[PDB]
Structure formats: structure tokens, C-alpha cells
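Form deposited in one PDB entry, single chain, as C-alpha cells, below.
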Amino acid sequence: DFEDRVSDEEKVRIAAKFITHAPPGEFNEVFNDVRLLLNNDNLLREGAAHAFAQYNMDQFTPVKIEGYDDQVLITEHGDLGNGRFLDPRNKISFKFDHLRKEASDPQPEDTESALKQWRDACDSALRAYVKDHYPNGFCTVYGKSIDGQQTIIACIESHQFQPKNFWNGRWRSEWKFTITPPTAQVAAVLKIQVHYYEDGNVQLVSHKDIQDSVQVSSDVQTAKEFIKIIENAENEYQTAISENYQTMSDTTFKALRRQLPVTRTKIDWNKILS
């Protein structure tokens, strides 16, 4: 029994697990809970450092860099190691404190001249797309070479945090265009999380995987085709979510429990005892 006790290694693994499952906009509250439950800041700092970084990269946390207008997404595609991240729109690296969500020490970062135009053209089309289609969305576009394939990876984030009204929500989408001329394979995942917690805890978790193709040509024309594909899939996803809500409402939910007995009146609790 004592040989089967929960080790400190297992406690901080659990601590770290809870932290990576914090709802959008509630990292600080889940962290503070876990910090007080574990009651060992040194163990927390050591065993949960990877989880702080994993949360922000998983969540596409947008960060403002002093001196630059556009925010940048914290993603795995930008992880340069040593606590630094790539801003591929401003061609800079920066240090990121995963706890305070603060960027610092921006430095120029080397960038292959090859994909400059293609990444710049997709970034420019996506930025206009995101400003048109989201209330306060942000996007980041990486241009890399994975194996031999020159790849464009587009990430979009959009959140609304209203903790005084006990709800938060976030949309994330991640689009990959693997270039294999005259076409490109398009793979994408769209994610939504919504959390409502006034006298309760209700959460929507949704994701959709996308597989498409597209003919590629010039950098500017292919970026237009890319964004058209994104717009079509994301509009379609959002419409179907709302139709699915309606179906859940008037089919499944109605079938689980009636509003009233068939008498169209509440129960006579003296006749029930009979």
C-alpha cells in the first residue's frame, strides 16, 4: 500500500495535465488552483514547464511584440527552442515567457530568400481574409521545407473572453499546403472550444479535419486559390455547426425529457401516492 503511493513525479504529471486542459482564457485560474493543490512551487516549476509551453502552442496564443503592430501566434511551427519563437511576418525571433504571456528581446532572424515571396503572398491574402471574417482574429503563416516539399502552414486564432459573464471561447484553424506541382495537397484541422461556467460547467469541443487539393501556379494566384479554399471550408464548418445545434435542440434534447406530462399540467402529487 505505501509501496503503491502516488509519487511526486506522478503528482506533477497530473498538475501538468490539468494545466494543458485549461479552457481558453482560464490558464491563470487553473494554474493557481494546481499550484495550491500541489503545494510545491519548485516541483511545479520543474515538472510543469513543458506544459506551460504546450498550452500556449496548442492554443495559438496571440502575443503583442513591443515595436511591431501585428500580433503573432505562438505555435509549434514557431518554436525555435531556448524559450524563443519565430515571428515570420516580421522576420524576428523573440523570447516568450509562457507564464506571463509576455514577449521580449526581439532580434532579427535568418530567412531563406526562396520562400520569401510565397510565404509573404499567402500571409498577405490570409491577413485580409482574417480581418474580413473574424471580429478580432490573428494569423501567422510559416514557410518551411518538410522533407523535400516546400510547405506553407497557415494558422488562425480568434477568441472572445468574458469571464465576468462566466464564458470564454476560441476558434483555431491550421492549414497546410504541401507543394507538389502542378497541384498541392491541402490538409487542415479546425477547432472550437467554448466554456460556460455560471452555476455550472458546460463545454463545447469540436474539430473538423479537411483534405483538399488545389492547382498551383504563380505565388499571388495560388495564394488567392488557397484563401478561397479556406473561406469555403470554414464557412461550411460554421454553418453546419449551427444546423447541428438546431438538430440537437429539437430532436435529441426534446426526446430526453418532456416539458410536461401528456396532461399538459404538472403532476398531482396526492394522486401519485394514491
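We call the rigid core whatever largest set of C-alpha positions still superposes within 1.5 Å between the two forms. From 1 onward, residues are counted along the sequence shown. Only residues modelled in both forms are compared.
Form deposited in another entry: not shown, discussed below.
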Post core alignment: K266 C-alpha displaced by 2 Å or more between the shown form and the other one: yes
Core fit, then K254 C-alpha moves 2 Å or more between the shown form and the other one: yes
Consecutive stretches, 3 or more residues long, displaced between the shown form and the other one (C-alpha shift of at least 2 Å once the core is aligned): 5-8, 250-274
